[PDB]
Amino acid sequence: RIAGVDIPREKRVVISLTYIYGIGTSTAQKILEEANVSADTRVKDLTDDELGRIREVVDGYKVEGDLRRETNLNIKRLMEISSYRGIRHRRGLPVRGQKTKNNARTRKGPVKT
Amino acid sequence: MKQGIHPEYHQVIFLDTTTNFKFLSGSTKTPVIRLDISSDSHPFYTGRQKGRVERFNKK
Amino acid sequence: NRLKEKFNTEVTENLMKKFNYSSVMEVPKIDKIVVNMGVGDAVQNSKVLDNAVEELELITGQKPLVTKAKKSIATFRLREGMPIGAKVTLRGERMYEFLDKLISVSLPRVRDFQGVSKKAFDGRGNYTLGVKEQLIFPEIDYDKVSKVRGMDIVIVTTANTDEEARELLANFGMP
Amino acid sequence: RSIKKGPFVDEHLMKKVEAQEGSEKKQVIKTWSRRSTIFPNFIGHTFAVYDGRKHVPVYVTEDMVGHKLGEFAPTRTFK
RNA sequence: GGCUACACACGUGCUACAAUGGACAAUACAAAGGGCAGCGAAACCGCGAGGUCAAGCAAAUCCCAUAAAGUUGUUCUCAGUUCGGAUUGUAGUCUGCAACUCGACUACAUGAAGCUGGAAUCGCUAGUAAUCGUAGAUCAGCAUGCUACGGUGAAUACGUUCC
Ligand SMILES: [Mg+2]
Ligand SMILES: [Mg+2]
């Protein structure tokens, strides 16, 4: 565990940190710079000091909770106002102005007919 | 407690090295145990936590 | 026995002042905790219940009682005599230990903690926890989880009233 | 304007809001300018936006500032 | 404002499904084209899209412009993964009289179906298919398309039995 969530043992550090919601490759590299470990390491072999350096760096960064809250609350907000994007969120249709005549199936689900 | 079916439930130590809170109690764990977060290191107990108008005024 | 010594040393006083008690024996105590698992999948796989048993048994420290079917149901393909769940009554030093563990170790390991529920009373002074995941415990290595599963931790009291229960639990350290 | 130039608002609309800045707010303001940005000085007003065949009512709130009037007058009626 | 709708059906292309591969550091070899209130060198700032100052340039002179695939190294280890990069949220840039309807690009975070495709069907006989990038026209801004360009570079075609 690092940020209240497990991470793989056999994946290296830079990659394992990416299995948090909120933390990607860039942030992982920058975190490992700040809490200076090597990227080659693997968390089955890391020590208490290394792991705690990392935890200390990670605590400053919104992740595994507040990030889900930010996203959900932003969407609920734009729905509570009768906005275009929030109408689209309420209907299950694309938001960025794609065309729904064809090829919108991530937001529409599979083919219904 | 029947002799034959219950585990080895022995007294161990819970160390929150983040804030070094060293608590003693039992476990079936198999003596110093590692814990990262706790009632003395977790936000909600400790009470310390880490707007379209104010946003638009800065710009 | 940190929590029990705490109870007898402070909370008896800090509670009897709040509820004008003439005798110590009015004061609340936890008489037991019951820990269930409610395993309905054992119709379809008994290995499930074996894992459940082992995990309650490791968490608490005693072999859980296999509960059984009380009345037979066909929506779930469920016949009387069949095992469902398993329970564990806890009393004494082990109760106070498990409860301090809860307040101090596991609950601060929830994936998305923002507070326990605060209305989880039957109206008489008993408390339940709607747990989601079992690996939240340190005894459980997260690698041996055969199924993420929740639990129920009932807490049973000699308080007649929910507010007395709230104060007791806060004074131990519940949120 | 999605850019360091600062937002966009049409000048006539700004003037009419400053005219309505006496805060009595008896009247709906009429408009066609969906292009405009909403400011915090529009709260508690009632604007009447042109969707293409109707000057439809929209009530302004504080959750509506980094947005546009056009977000609240759907031009496409689909059932 | 709409031609950008969406319960669905078809056509034509792009990205992929991974190890003949992903990421990362070094390094190499082209064509052809365009450029005046237009191409914008170098330097500086910014993680980047870019921005400030500004030189040359109406051309075999200066610019777009460091071609990429490659080669050599490290690392990944056959998993929905370090493949994939949709979708969505945030902070931004450039253009524009204004990017919600309805621009492109960027950074961060998330990480969809997809593990080589049913019946059927298509292109191609050589510098061709296949693959890799590059330029232009329109164009304030927008190109997975259109037209042109070159780099690497196959296998097979017995024969007219049959459609
Ligand atoms: Mg059209
Ligand atoms: Mg990738």
# chains A, B, ... in the order shown; residues from 1 in each chain; ligands from 1
$ residues_near_ligand --ligand "ligand 1" --cutoff "12 Å" --atoms "only C-alpha atoms (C1' of nucleotides) and all ligand atoms" --output "PyMOL selection string"
(chain A and resi 99+101) or (chain E and resi 2-4)
$ residues_near_ligand --ligand "ligand 2" --cutoff "9 Å" --atoms "only C-alpha atoms (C1' of nucleotides) and all ligand atoms" --output "PDB file with N, CA and C atoms (P, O5', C5', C4', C3', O3' and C1' of nucleotides), in the first residue's frame"
ATOM      1  P     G E  22       7.018  -0.233 -31.739  1.00  0.00           P
ATOM      2  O5'   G E  22       6.778  -0.020 -30.181  1.00  0.00           O
ATOM      3  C5'   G E  22       5.455  -0.005 -29.684  1.00  0.00           C
ATOM      4  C4'   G E  22       5.345   0.493 -28.266  1.00  0.00           C
ATOM      5  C3'   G E  22       6.287   1.601 -27.833  1.00  0.00           C
ATOM      6  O3'   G E  22       5.880   2.889 -28.258  1.00  0.00           O
ATOM      7  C1'   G E  22       6.292  -0.082 -26.204  1.00  0.00           C
ATOM      8  P     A E  23       6.982   4.032 -28.489  1.00  0.00           P
ATOM      9  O5'   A E  23       7.571   4.292 -27.041  1.00  0.00           O
ATOM     10  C5'   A E  23       6.753   4.830 -26.019  1.00  0.00           C
ATOM     11  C4'   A E  23       7.472   4.864 -24.696  1.00  0.00           C
ATOM     12  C3'   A E  23       8.787   5.617 -24.676  1.00  0.00           C
ATOM     13  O3'   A E  23       8.622   7.014 -24.561  1.00  0.00           O
ATOM     14  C1'   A E  23       9.088   3.527 -23.657  1.00  0.00           C
ATOM     15  P     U E  82       2.115  -2.797 -17.101  1.00  0.00           P
ATOM     16  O5'   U E  82       2.307  -1.855 -18.368  1.00  0.00           O
ATOM     17  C5'   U E  82       1.884  -0.500 -18.311  1.00  0.00           C
ATOM     18  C4'   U E  82       2.576   0.374 -19.324  1.00  0.00           C
ATOM     19  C3'   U E  82       2.694  -0.213 -20.714  1.00  0.00           C
ATOM     20  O3'   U E  82       2.673   0.840 -21.670  1.00  0.00           O
ATOM     21  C1'   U E  82       4.854   0.088 -19.806  1.00  0.00           C
ATOM     22  P     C E  83       1.392   1.008 -22.606  1.00  0.00           P
ATOM     23  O5'   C E  83       1.219  -0.447 -23.201  1.00  0.00           O
ATOM     24  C5'   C E  83       2.269  -1.023 -23.947  1.00  0.00           C
ATOM     25  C4'   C E  83       1.798  -1.459 -25.305  1.00  0.00           C
ATOM     26  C3'   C E  83       0.875  -0.480 -26.012  1.00  0.00           C
ATOM     27  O3'   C E  83       1.601   0.453 -26.786  1.00  0.00           O
ATOM     28  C1'   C E  83      -0.090  -2.643 -26.015  1.00  0.00           C
ATOM     29  P     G E  84       0.936   1.841 -27.225  1.00  0.00           P
ATOM     30  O5'   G E  84      -0.603   1.495 -27.392  1.00  0.00           O
ATOM     31  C5'   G E  84      -1.118   1.177 -28.666  1.00  0.00           C
ATOM     32  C4'   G E  84      -2.612   1.007 -28.646  1.00  0.00           C
ATOM     33  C3'   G E  84      -3.400   2.240 -28.278  1.00  0.00           C
ATOM     34  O3'   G E  84      -3.616   3.046 -29.406  1.00  0.00           O
ATOM     35  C1'   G E  84      -4.243   0.350 -27.119  1.00  0.00           C
ATOM     36  P     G E  85      -2.652   4.273 -29.753  1.00  0.00           P
ATOM     37  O5'   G E  85      -3.633   5.512 -29.655  1.00  0.00           O
ATOM     38  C5'   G E  85      -4.981   5.396 -30.088  1.00  0.00           C
ATOM     39  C4'   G E  85      -5.942   5.707 -28.975  1.00  0.00           C
ATOM     40  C3'   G E  85      -5.899   7.156 -28.482  1.00  0.00           C
ATOM     41  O3'   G E  85      -7.196   7.634 -28.153  1.00  0.00           O
ATOM     42  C1'   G E  85      -5.516   5.703 -26.696  1.00  0.00           C
TER      43        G E  85
END
$ residues_around --residues "region 143-147 of chain E" --least-positions-apart "4" --cutoff "12 Å" --atoms "only C-alpha atoms (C1' of nucleotides)" --output "number ranges by chain"
E: 12-15, 104, 135-139
$ interface_residues --of "chain D" --to "chain A" --cutoff "10 Å" --atoms "only C-alpha atoms" --output "mmCIF file with N, CA and C atoms, in the first residue's frame"
data_model
loop_
_atom_site.group_PDB
_atom_site.id
_atom_site.type_symbol
_atom_site.label_atom_id
_atom_site.label_comp_id
_atom_site.auth_asym_id
_atom_site.auth_seq_id
_atom_site.Cartn_x
_atom_site.Cartn_y
_atom_site.Cartn_z
ATOM 1 N N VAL D 58 -33.666 32.395 -18.911
ATOM 2 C CA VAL D 58 -32.654 31.696 -18.135
ATOM 3 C C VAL D 58 -32.342 32.501 -16.879
ATOM 4 N N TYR D 59 -32.348 31.818 -15.736
ATOM 5 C CA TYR D 59 -32.024 32.421 -14.450
ATOM 6 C C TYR D 59 -30.556 32.197 -14.134
ATOM 7 N N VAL D 60 -29.893 33.255 -13.707
ATOM 8 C CA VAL D 60 -28.449 33.260 -13.535
ATOM 9 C C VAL D 60 -28.131 32.912 -12.090
ATOM 10 N N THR D 61 -27.058 32.163 -11.894
ATOM 11 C CA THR D 61 -26.583 31.772 -10.577
ATOM 12 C C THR D 61 -25.069 31.856 -10.555
ATOM 13 N N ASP D 63 -23.071 29.393 -10.164
ATOM 14 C CA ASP D 63 -22.503 28.217 -10.796
ATOM 15 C C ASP D 63 -22.505 28.338 -12.310
ATOM 16 N N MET D 64 -22.617 29.560 -12.826
ATOM 17 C CA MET D 64 -22.920 29.821 -14.222
ATOM 18 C C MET D 64 -22.013 30.902 -14.790
ATOM 19 N N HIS D 67 -18.887 30.265 -17.965
ATOM 20 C CA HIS D 67 -19.761 29.572 -18.887
ATOM 21 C C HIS D 67 -20.225 30.600 -19.904
ATOM 22 N N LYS D 68 -21.272 30.272 -20.645
ATOM 23 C CA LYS D 68 -21.882 31.218 -21.557
ATOM 24 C C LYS D 68 -23.391 31.084 -21.534
ATOM 25 N N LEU D 69 -24.041 32.186 -21.900
ATOM 26 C CA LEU D 69 -25.485 32.202 -22.034
ATOM 27 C C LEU D 69 -25.965 31.137 -22.987
ATOM 28 N N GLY D 70 -25.200 30.894 -24.041
ATOM 29 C CA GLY D 70 -25.595 29.919 -25.022
ATOM 30 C C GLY D 70 -25.669 28.506 -24.507
ATOM 31 N N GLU D 71 -25.057 28.228 -23.360
ATOM 32 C CA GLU D 71 -25.126 26.890 -22.802
ATOM 33 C C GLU D 71 -26.514 26.551 -22.280
ATOM 34 N N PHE D 72 -27.429 27.524 -22.237
ATOM 35 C CA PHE D 72 -28.723 27.376 -21.597
ATOM 36 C C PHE D 72 -29.878 27.715 -22.523
ATOM 37 N N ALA D 73 -29.665 27.619 -23.833
ATOM 38 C CA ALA D 73 -30.708 27.853 -24.823
ATOM 39 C C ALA D 73 -30.470 26.841 -25.926
ATOM 40 N N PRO D 74 -30.826 25.577 -25.697
ATOM 41 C CA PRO D 74 -30.537 24.541 -26.691
ATOM 42 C C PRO D 74 -31.247 24.826 -28.002
#
$ select_by_dssp --residues "region 3-49 of chain B" --states "strand (DSSP E or B)" --output "VMD selection string"
chain B and resid 10 to 16 21 to 27 32 to 35
$ atom_distance --atom1 "CA of residue 88 (chain A)" --atom2 "CA of residue 109 (chain A)"
14.2 Å
$ residues_around --residues "residue 67 (chain C)" --least-positions-apart "4" --cutoff "7 Å" --atoms "only C-alpha atoms (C1' of nucleotides)" --output "list in words"
residues 83, 84, 85, 86 and 87 of chain C
$ write_last_selection --atoms "N, CA and C atoms" --output "PDB file, in the first residue's frame"
ATOM      1  N   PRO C  83     -25.322 -24.074   4.784  1.00  0.00           N
ATOM      2  CA  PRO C  83     -24.525 -23.042   5.441  1.00  0.00           C
ATOM      3  C   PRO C  83     -24.588 -21.718   4.703  1.00  0.00           C
ATOM      4  N   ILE C  84     -24.822 -20.663   5.468  1.00  0.00           N
ATOM      5  CA  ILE C  84     -24.708 -19.292   5.004  1.00  0.00           C
ATOM      6  C   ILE C  84     -23.910 -18.581   6.079  1.00  0.00           C
ATOM      7  N   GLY C  85     -22.946 -17.782   5.671  1.00  0.00           N
ATOM      8  CA  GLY C  85     -22.255 -16.949   6.614  1.00  0.00           C
ATOM      9  C   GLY C  85     -21.560 -17.721   7.698  1.00  0.00           C
ATOM     10  N   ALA C  86     -20.997 -16.950   8.605  1.00  0.00           N
ATOM     11  CA  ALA C  86     -20.460 -17.490   9.829  1.00  0.00           C
ATOM     12  C   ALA C  86     -20.314 -16.329  10.788  1.00  0.00           C
ATOM     13  N   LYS C  87     -20.526 -16.604  12.074  1.00  0.00           N
ATOM     14  CA  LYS C  87     -20.519 -15.551  13.070  1.00  0.00           C
ATOM     15  C   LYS C  87     -19.484 -15.822  14.141  1.00  0.00           C
TER      16      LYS C  87
END
